[PDB]
Amino acid sequence: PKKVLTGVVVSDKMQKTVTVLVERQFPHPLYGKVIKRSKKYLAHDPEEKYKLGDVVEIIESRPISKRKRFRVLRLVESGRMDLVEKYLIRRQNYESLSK
Amino acid sequence: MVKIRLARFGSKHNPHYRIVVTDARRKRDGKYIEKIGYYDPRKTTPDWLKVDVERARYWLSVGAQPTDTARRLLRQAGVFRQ
Amino acid sequence: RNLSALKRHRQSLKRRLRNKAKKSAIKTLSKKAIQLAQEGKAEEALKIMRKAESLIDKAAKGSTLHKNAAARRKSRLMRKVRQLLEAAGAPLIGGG
Amino acid sequence: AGXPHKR
Amino acid sequence: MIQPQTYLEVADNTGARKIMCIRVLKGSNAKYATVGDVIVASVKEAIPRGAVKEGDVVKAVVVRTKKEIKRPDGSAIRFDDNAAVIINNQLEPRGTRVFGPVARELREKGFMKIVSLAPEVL
RNA sequence: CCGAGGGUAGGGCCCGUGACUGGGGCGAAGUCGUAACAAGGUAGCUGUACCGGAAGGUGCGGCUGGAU
RNA sequence: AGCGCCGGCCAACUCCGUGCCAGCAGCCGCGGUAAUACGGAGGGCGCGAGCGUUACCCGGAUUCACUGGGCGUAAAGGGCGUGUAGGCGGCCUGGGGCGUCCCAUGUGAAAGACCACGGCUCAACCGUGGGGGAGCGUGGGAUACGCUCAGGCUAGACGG
RNA sequence: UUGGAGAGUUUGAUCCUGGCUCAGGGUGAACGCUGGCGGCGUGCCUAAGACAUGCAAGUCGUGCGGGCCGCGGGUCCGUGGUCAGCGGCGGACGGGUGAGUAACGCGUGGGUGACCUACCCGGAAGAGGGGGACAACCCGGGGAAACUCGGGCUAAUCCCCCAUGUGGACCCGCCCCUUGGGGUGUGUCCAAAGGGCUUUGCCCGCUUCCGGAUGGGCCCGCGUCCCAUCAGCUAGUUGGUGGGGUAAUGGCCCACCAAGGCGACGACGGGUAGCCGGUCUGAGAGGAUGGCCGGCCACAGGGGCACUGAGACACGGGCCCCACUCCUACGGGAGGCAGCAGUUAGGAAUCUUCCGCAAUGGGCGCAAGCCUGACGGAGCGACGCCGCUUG
RNA sequence: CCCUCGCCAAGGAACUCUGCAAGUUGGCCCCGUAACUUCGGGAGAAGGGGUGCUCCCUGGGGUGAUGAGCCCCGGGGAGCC
Ligand SMILES: [Mg+2]
Ligand SMILES: [Mg+2]
Ligand SMILES: [Mg+2]
Ligand SMILES: [Mg+2]
Ligand SMILES: [Mg+2]
Ligand SMILES: [Mg+2]
Ligand SMILES: [Mg+2]
Ligand SMILES: [Mg+2]
Ligand SMILES: [Mg+2]
Ligand SMILES: [Mg+2]
Ligand SMILES: [Mg+2]
Ligand SMILES: [Mg+2]
Ligand SMILES: [Mg+2]
Ligand SMILES: [Mg+2]
Ligand SMILES: [Mg+2]
Ligand SMILES: [Mg+2]
Ligand SMILES: [Mg+2]
Ligand SMILES: [Mg+2]
Ligand SMILES: [Mg+2]
Ligand SMILES: [Mg+2]
Ligand SMILES: [Mg+2]
Ligand SMILES: [Mg+2]
Ligand SMILES: [Mg+2]
Ligand SMILES: [Mg+2]
Ligand SMILES: [Mg+2]
Ligand SMILES: [Mg+2]
Ligand SMILES: [Mg+2]
Ligand SMILES: [Mg+2]
Ligand SMILES: [Mg+2]
Ligand SMILES: [Mg+2]
Ligand SMILES: [Mg+2]
Ligand SMILES: [Mg+2]
Ligand SMILES: [Mg+2]
Ligand SMILES: [Mg+2]
Ligand SMILES: [Mg+2]
Ligand SMILES: [Mg+2]
Ligand SMILES: [Mg+2]
Ligand SMILES: [Mg+2]
Ligand SMILES: [Mg+2]
Ligand SMILES: [Mg+2]
Ligand SMILES: [Mg+2]
Ligand SMILES: [Mg+2]
Ligand SMILES: [Mg+2]
Ligand SMILES: [Mg+2]
Ligand SMILES: [Mg+2]
Ligand SMILES: [Mg+2]
Ligand SMILES: [Mg+2]
Ligand SMILES: [Mg+2]
Ligand SMILES: [Mg+2]
Ligand SMILES: [Mg+2]
Ligand SMILES: [Mg+2]
Ligand SMILES: [Mg+2]
Ligand SMILES: [Mg+2]
Ligand SMILES: [Mg+2]
Ligand SMILES: [Mg+2]
Ligand SMILES: [Mg+2]
Ligand SMILES: [Mg+2]
Ligand SMILES: [Mg+2]
Ligand SMILES: [Mg+2]
Ligand SMILES: [Mg+2]
Ligand SMILES: [Mg+2]
Ligand SMILES: [Mg+2]
Ligand SMILES: [Mg+2]
Ligand SMILES: [Mg+2]
Ligand SMILES: [Mg+2]
Ligand SMILES: [Mg+2]
Ligand SMILES: [Mg+2]
Ligand SMILES: [Mg+2]
Ligand SMILES: [Mg+2]
Ligand SMILES: [Mg+2]
Ligand SMILES: [Mg+2]
Ligand SMILES: [Mg+2]
Ligand SMILES: [Mg+2]
Ligand SMILES: [Mg+2]
Ligand SMILES: [Mg+2]
Ligand SMILES: [Mg+2]
Ligand SMILES: [Mg+2]
Ligand SMILES: [Mg+2]
Ligand SMILES: [Mg+2]
Ligand SMILES: [Mg+2]
Ligand SMILES: [Mg+2]
Ligand SMILES: [Mg+2]
Ligand SMILES: [Mg+2]
Ligand SMILES: [Mg+2]
Ligand SMILES: [Mg+2]
Ligand SMILES: [Mg+2]
Ligand SMILES: [Mg+2]
Ligand SMILES: [Mg+2]
Ligand SMILES: [Mg+2]
Ligand SMILES: [Mg+2]
Ligand SMILES: [Mg+2]
Ligand SMILES: [Mg+2]
Ligand SMILES: [Mg+2]
Ligand SMILES: [Mg+2]
Ligand SMILES: [Mg+2]
Ligand SMILES: [Mg+2]
Ligand SMILES: [Mg+2]
Ligand SMILES: [Mg+2]
Ligand SMILES: [Mg+2]
Ligand SMILES: [Mg+2]
Ligand SMILES: [Mg+2]
Ligand SMILES: [Mg+2]
Ligand SMILES: [Mg+2]
Ligand SMILES: [Mg+2]
Ligand SMILES: [Mg+2]
Ligand SMILES: [Mg+2]
Ligand SMILES: [Mg+2]
Ligand SMILES: [Mg+2]
Ligand SMILES: [Mg+2]
Ligand SMILES: [Mg+2]
Ligand SMILES: [Mg+2]
Ligand SMILES: [Mg+2]
Ligand SMILES: [Mg+2]
Ligand SMILES: [Mg+2]
Ligand SMILES: [Mg+2]
Ligand SMILES: [Mg+2]
Ligand SMILES: [Mg+2]
Ligand SMILES: [Mg+2]
Ligand SMILES: [Mg+2]
Ligand SMILES: [Mg+2]
Ligand SMILES: [Mg+2]
Ligand SMILES: [Mg+2]
Ligand SMILES: [Mg+2]
Ligand SMILES: [Mg+2]
Ligand SMILES: [Mg+2]
Ligand SMILES: [Mg+2]
Ligand SMILES: [Mg+2]
Ligand SMILES: [Mg+2]
Ligand SMILES: [Mg+2]
Ligand SMILES: [Mg+2]
Ligand SMILES: [Mg+2]
Ligand SMILES: [Mg+2]
Ligand SMILES: [Mg+2]
Ligand SMILES: [Mg+2]
Ligand SMILES: [Mg+2]
Ligand SMILES: [Mg+2]
Ligand SMILES: [Mg+2]
Ligand SMILES: [Mg+2]
Ligand SMILES: [Mg+2]
Ligand SMILES: [Mg+2]
Ligand SMILES: [Mg+2]
Ligand SMILES: [Mg+2]
Ligand SMILES: [Mg+2]
Ligand SMILES: [Mg+2]
Ligand SMILES: [Mg+2]
Ligand SMILES: [Mg+2]
Ligand SMILES: [Mg+2]
Ligand SMILES: [Mg+2]
Ligand SMILES: [Mg+2]
Ligand SMILES: [Mg+2]
Ligand SMILES: [Mg+2]
Ligand SMILES: [Mg+2]
Ligand SMILES: [Mg+2]
Ligand SMILES: [Mg+2]
Ligand SMILES: [Mg+2]
Ligand SMILES: [Mg+2]
Ligand SMILES: [Mg+2]
Ligand SMILES: [Mg+2]
Ligand SMILES: [Mg+2]
Ligand SMILES: [Mg+2]
Ligand SMILES: [Mg+2]
Ligand SMILES: [Mg+2]
Ligand SMILES: [Mg+2]
Ligand SMILES: [Mg+2]
Ligand SMILES: [Mg+2]
Ligand SMILES: [Mg+2]
Ligand SMILES: [Mg+2]
Ligand SMILES: [Mg+2]
Ligand SMILES: [Mg+2]
Ligand SMILES: [Mg+2]
Ligand SMILES: [Mg+2]
Ligand SMILES: [Mg+2]
Ligand SMILES: [Mg+2]
Ligand SMILES: [Mg+2]
Ligand SMILES: [Mg+2]
Ligand SMILES: [Mg+2]
Ligand SMILES: [Mg+2]
Ligand SMILES: [Mg+2]
């Protein structure tokens, strides 16, 4: 089955493309604790109907471009800009990490 | 073509073949597709030959080709009995 | 120091020229037809386009073109001719 | 490596 | 017409690239060296890990010149550079290859090895 | 058009090596003094600063891991 | 029939030679004129067409500690706040089912390993059969705990 | 529940902490002293340094025409060979190596409505008429050679046109489906090749199409070392449109437009490394390792390139550049052991220029058969394990 | 012969106290630019590419009117010697 993921939209700034931020949980193989890990997927939005804060599902599909390998499958939630802020604050904290 | 042949196992001076289906371009003792029986040419045990016969006919039906000395060990196991 | 590789090399050259000549014509008549399709020149375009199509599939008989290559090249040829003639007049003859 | 060089 | 201070390309694989003539080995006071004349040279540019290195004082034979050399038959020949081949005290080349054409004047002057290794003898 | 690579010019990283120079470690029986361990004969340690052949000394502040 | 070894660890001791020499040595250490520790000899211990040595890997090493360690003085608490990400988070009710748990099912090649039997006189080697997991795909189920969503509380916290 | 031992050494002595050290098992080993036999294994870990000589891929006369040669005669056929040529198929397998690669490379599970598959199998349909070229051969220069140029003849399963259209391909319609999947209608386009016998028929072959099977390509999730004393990286970069290209998706490639893409969940950079089944150790958890065997990847003196083709950007095929070596009659030409042996260099160190296609397997062939350094065996070496002797 | 000037084969500082003198370089546009630094600089570092003419398409400005004309700053494409 084509893999189906769920994540928010952290970028709408491309033509016919949105960035979907999927996260997953798993126990540490050695230290057992359940840890979080996230990953951005460049998803296909050909109708340009999806926007920031939208929690959506993406489906594995044939390549639209380089790097673009998933299609947005369906909306799930909307207006989750609270998650988008978490992403942006982190990327923002990187300026305080240089030298 | 897909074939049906003998993949010599055993040890030096101790031949022990597996009648097996594999690609003709695969190496002799290489990764086969399915095992359809074994064959001890030296006859050192009561049952030195054994063929599934049901499976040996499936691959035969779909286009597998036996070897010349593999065709015999399927004949001698009555794979061709009409 | 020898081989039948020498022979297989001689043959490769003969078929190289045989393949190149066919693809040259396939490119020539296709552009020729597409050029008329832009002018349209509707009848003359389609009359050429057939000779293109004929030579294309005539290549997929041997080792010059793969079937899906001929199909792909035919698909884009007729696809381009119609859209050019739609900026002009009736197709008149055939191939559509 | 012209032509003389600097190094 | 090579003289002290003249730079020359080395037409061999000795590792040298450019040598500067410091002497024309031709009698007491030869003003110039042409094709077939031996020179003494400093090695001004070499590639790493060669038979010769920068700063070596080597001997070489001029194998072609930008000054045209004249021939008894009324013809002349000229090259686009001054090239030489690094040799030893027995006039033998110190490398295994020579690059580019050389002037046939080398043959009559006693450099049979170089002439053979030459891709063209003009 | 692209193109192996060759060439010109200028950067970055790494390795080797260098007159000389800096301390470091180690080395049975060298020279100088005796700073520390006892209140070690000026309680010690301390951050800093300055000085002195050398340990060290002294100033300012801190600590007791200081005797009585 | 050879090779190592016989101070302790570590199984195997006496004589002579040597006198901080010559030498031994994996660690602790032996040798300065009575050395089971150096060298030879006799004897003794251990292996045996091998026996030792060097190099390297895991073990002992719970000495990178998930199983399974610590930080007053042994090495180890940041000079002290404030706070970003993150990690973690009180009592009750319900929705979902992500973690988590269960069942079924697909995959998990052969070889190898393991058990059984058998073939080379045994064995090594080799043949035949048996037993499977974890992980991931799918389908079904459970909802205590963790998660999320929704609603309520006042014991934490903040305020008057 | 088949599984867990510890000791020496800091002190006058003690407890603790803590490092060092030892007893165990392991090896593609090497070195010393020593050495009898057999079996099964196993053996360049360094210079992916350099290589003398033979060999490692050919086959089909049941596709074609010849030169030669013997066999039965009339220089006519047939015939046997034999040699190249044309034409098939194979040479993309198998064999070697571990340099590169920290990557969708590998592993594991998946996607392909985005795809291909020679020979094999199964079902459907068909093979009807014409024409043509190039080698071999004949003639002429050149060369030490490698060797090639020119002109002229000719056959075929070699090339081309026409016809036939079960079918298939393409554009545009509508239908079902739902990413390019399966239909259908008009127009348009595409097939073929013959040979051998025992001859109102078989056999090997040919042609278009559908399906199977097998082998592949491509894509995605998760996993996959060290350094943060590498903290910022990015212009085809990230997305879009159009187009090219391919079997096929894609910035894979080009034009243009947009300003995006990635990074402390470690981007970028540096170092090291082929990955896995497994192997070694360990009570396990873990650690270490990936030689031999099996799977995948990568490379073929160093690079770039395409051709032929079902399939290669091809180890023993081709082109070009570079480095090196070579023969030469000095005018000019050749080579690529990380195939099997073998040489040399390096190193502490690693084998026979052996036998055979009898077996298994592979290529070709109607078959006989031919080729097969794959393979099966023999050889050297206490390298290892096992068995045996010196009573 | 002197002055001022032009050119020169091969070499290219060998001249000489000294590259003295004379060559070289040279405007503009674009790319690009190191040590070090007092963070301004070093910098025109260095180094490189472009530069004419013709045709075609096109962006903005001043004037005027918002248009033509005139004037200013540009962009892309194809060519010619
Ligand atoms: Mg044997
Ligand atoms: Mg294969
Ligand atoms: Mg043309
Ligand atoms: Mg085709
Ligand atoms: Mg050179
Ligand atoms: Mg050098
Ligand atoms: Mg120098
Ligand atoms: Mg030379
Ligand atoms: Mg040259
Ligand atoms: Mg010559
Ligand atoms: Mg270029
Ligand atoms: Mg380039
Ligand atoms: Mg370059
Ligand atoms: Mg070049
Ligand atoms: Mg540099
Ligand atoms: Mg010093
Ligand atoms: Mg004294
Ligand atoms: Mg004192
Ligand atoms: Mg005092
Ligand atoms: Mg005092
Ligand atoms: Mg004092
Ligand atoms: Mg003080
Ligand atoms: Mg004082
Ligand atoms: Mg004080
Ligand atoms: Mg204080
Ligand atoms: Mg006090
Ligand atoms: Mg012992
Ligand atoms: Mg004792
Ligand atoms: Mg012991
Ligand atoms: Mg004892
Ligand atoms: Mg004495
Ligand atoms: Mg003595
Ligand atoms: Mg001792
Ligand atoms: Mg030891
Ligand atoms: Mg005595
Ligand atoms: Mg004594
Ligand atoms: Mg004593
Ligand atoms: Mg003793
Ligand atoms: Mg001892
Ligand atoms: Mg003794
Ligand atoms: Mg033994
Ligand atoms: Mg040993
Ligand atoms: Mg143990
Ligand atoms: Mg451990
Ligand atoms: Mg250890
Ligand atoms: Mg440690
Ligand atoms: Mg430690
Ligand atoms: Mg713990
Ligand atoms: Mg501890
Ligand atoms: Mg504190
Ligand atoms: Mg601080
Ligand atoms: Mg927080
Ligand atoms: Mg939480
Ligand atoms: Mg809770
Ligand atoms: Mg769940
Ligand atoms: Mg298995
Ligand atoms: Mg069992
Ligand atoms: Mg298991
Ligand atoms: Mg599962
Ligand atoms: Mg489910
Ligand atoms: Mg123990
Ligand atoms: Mg102890
Ligand atoms: Mg001690
Ligand atoms: Mg102490
Ligand atoms: Mg003591
Ligand atoms: Mg005490
Ligand atoms: Mg005492
Ligand atoms: Mg103790
Ligand atoms: Mg300890
Ligand atoms: Mg201890
Ligand atoms: Mg050991
Ligand atoms: Mg030995
Ligand atoms: Mg063996
Ligand atoms: Mg053996
Ligand atoms: Mg070697
Ligand atoms: Mg190894
Ligand atoms: Mg190697
Ligand atoms: Mg070397
Ligand atoms: Mg060499
Ligand atoms: Mg042979
Ligand atoms: Mg034919
Ligand atoms: Mg022939
Ligand atoms: Mg292979
Ligand atoms: Mg092998
Ligand atoms: Mg080998
Ligand atoms: Mg191998
Ligand atoms: Mg590798
Ligand atoms: Mg890297
Ligand atoms: Mg990295
Ligand atoms: Mg990956
Ligand atoms: Mg994968
Ligand atoms: Mg996979
Ligand atoms: Mg083929
Ligand atoms: Mg066939
Ligand atoms: Mg004909
Ligand atoms: Mg004809
Ligand atoms: Mg001809
Ligand atoms: Mg010639
Ligand atoms: Mg001739
Ligand atoms: Mg001709
Ligand atoms: Mg219809
Ligand atoms: Mg037709
Ligand atoms: Mg026909
Ligand atoms: Mg992929
Ligand atoms: Mg990954
Ligand atoms: Mg597109
Ligand atoms: Mg790209
Ligand atoms: Mg572009
Ligand atoms: Mg742009
Ligand atoms: Mg991440
Ligand atoms: Mg590297
Ligand atoms: Mg390595
Ligand atoms: Mg590597
Ligand atoms: Mg352990
Ligand atoms: Mg075990
Ligand atoms: Mg590993
Ligand atoms: Mg391997
Ligand atoms: Mg081997
Ligand atoms: Mg392997
Ligand atoms: Mg390469
Ligand atoms: Mg090599
Ligand atoms: Mg090459
Ligand atoms: Mg290469
Ligand atoms: Mg082709
Ligand atoms: Mg390749
Ligand atoms: Mg090949
Ligand atoms: Mg190639
Ligand atoms: Mg080769
Ligand atoms: Mg050539
Ligand atoms: Mg000649
Ligand atoms: Mg030549
Ligand atoms: Mg020539
Ligand atoms: Mg030539
Ligand atoms: Mg060549
Ligand atoms: Mg070649
Ligand atoms: Mg070899
Ligand atoms: Mg060898
Ligand atoms: Mg050697
Ligand atoms: Mg050596
Ligand atoms: Mg061997
Ligand atoms: Mg055979
Ligand atoms: Mg086989
Ligand atoms: Mg066979
Ligand atoms: Mg056959
Ligand atoms: Mg042969
Ligand atoms: Mg042989
Ligand atoms: Mg063998
Ligand atoms: Mg050996
Ligand atoms: Mg043995
Ligand atoms: Mg003039
Ligand atoms: Mg001049
Ligand atoms: Mg000049
Ligand atoms: Mg100069
Ligand atoms: Mg110059
Ligand atoms: Mg000067
Ligand atoms: Mg003068
Ligand atoms: Mg002078
Ligand atoms: Mg001077
Ligand atoms: Mg002056
Ligand atoms: Mg001046
Ligand atoms: Mg000037
Ligand atoms: Mg000027
Ligand atoms: Mg000037
Ligand atoms: Mg600089
Ligand atoms: Mg400077
Ligand atoms: Mg600055
Ligand atoms: Mg600046
Ligand atoms: Mg300066
Ligand atoms: Mg400036
Ligand atoms: Mg400039
Ligand atoms: Mg500037
Ligand atoms: Mg310029
Ligand atoms: Mg003009
Ligand atoms: Mg304008
Ligand atoms: Mg205007
Ligand atoms: Mg005005
Ligand atoms: Mg106005
Ligand atoms: Mg105006």
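As a basis for the values below, the full set of heavy atoms in this structure was taken, side chains included, without hydrogen atoms, waters or symmetry mates. Convention: sequence-line order gives letters A, B, ...; per-chain numbering from 1.
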Under 3.5 Å, which donor-acceptor pairs link side chains of residues 101-116 of chain E to any protein atom two or more places apart or in another chain?
residue	atom	partner	partner atom	Å
E:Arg104	NH2	E:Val121	O	3.2
E:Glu105	OE1	E:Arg71	NH2	3.2
E:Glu105	OE2	E:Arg71	NE	2.9
E:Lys109	NZ	E:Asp37	OD1	3.1
E:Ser116	OG	E:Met112	O	3.4
E:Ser116	OG	E:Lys113	O	2.5

Inset, instruction - Mind checking salt bridge (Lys or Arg N to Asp or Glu O under 4.0 Å) for E:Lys67 and listing every partner two or more places apart, or none if nothing turns up? - result: none
Inset, instruction - Under 4.0 Å from any atom of RNA chain G, heavy atoms only: list the residues of residues 77-86 of chain E that qualify, in numerical order. - result: none
Legend entry - Partner set under salt bridge (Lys or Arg N to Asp or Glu O under 4.0 Å) for A:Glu47, not counting sequence neighbours: A:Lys49
Legend entry - Runs of at least three consecutive pairs that involve RNA chain F, where pairs are Watson-Crick or G-U with distances under 3.5 Å: F:43-51 with F:56-64
Close N or O pairs between protein and nucleotides 367-372 of chain H (under 3.5 Å):
none

Inset, instruction - Please list all pairs passing the salt bridge (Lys or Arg N to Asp or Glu O under 4.0 Å) test where one or both residues lie in residues 15-33 of chain B, with sequence neighbours left out. - result: B:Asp23-B:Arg25
Inset, instruction - Spell out protein contact along nucleotides 107-129 of chain G as letters: B when the base is contacted, S when just the sugar-phosphate is, - when no protein heavy atom is under 4.0 Å; keep the 5' to 3' order. - result: ---SS-------B-----SSSSS
Inset, instruction - For each nucleotide in nucleotides 82-87 of chain G, reading 5' to 3', give B when a protein heavy atom comes within less than 4.0 Å of its base, S when such contact involves only the sugar-phosphate, and - otherwise. - result: --BSSS
Legend entry - Contact pattern, 5' to 3', of nucleotides 312-328 of chain H - B, S or - by protein heavy atom under 4.0 Å: -----SS----SSS---
Inset, instruction - Provide the full list of ring pair (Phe, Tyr, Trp, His ring centres under 6.0 Å) pairs with a residue in residues 68-99 of chain A, sequence neighbours left out, each pair given once. - result: A:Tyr41-A:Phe70
Inset, instruction - Could you encode protein contacts along nucleotides 114-125 of chain H as a string, one character per nucleotide from 5' to 3', using B for base contact, S for sugar-phosphate-only contact and - for no contact, with a heavy-atom cut-off of under 4.0 Å? - result: B-SSBBBB----
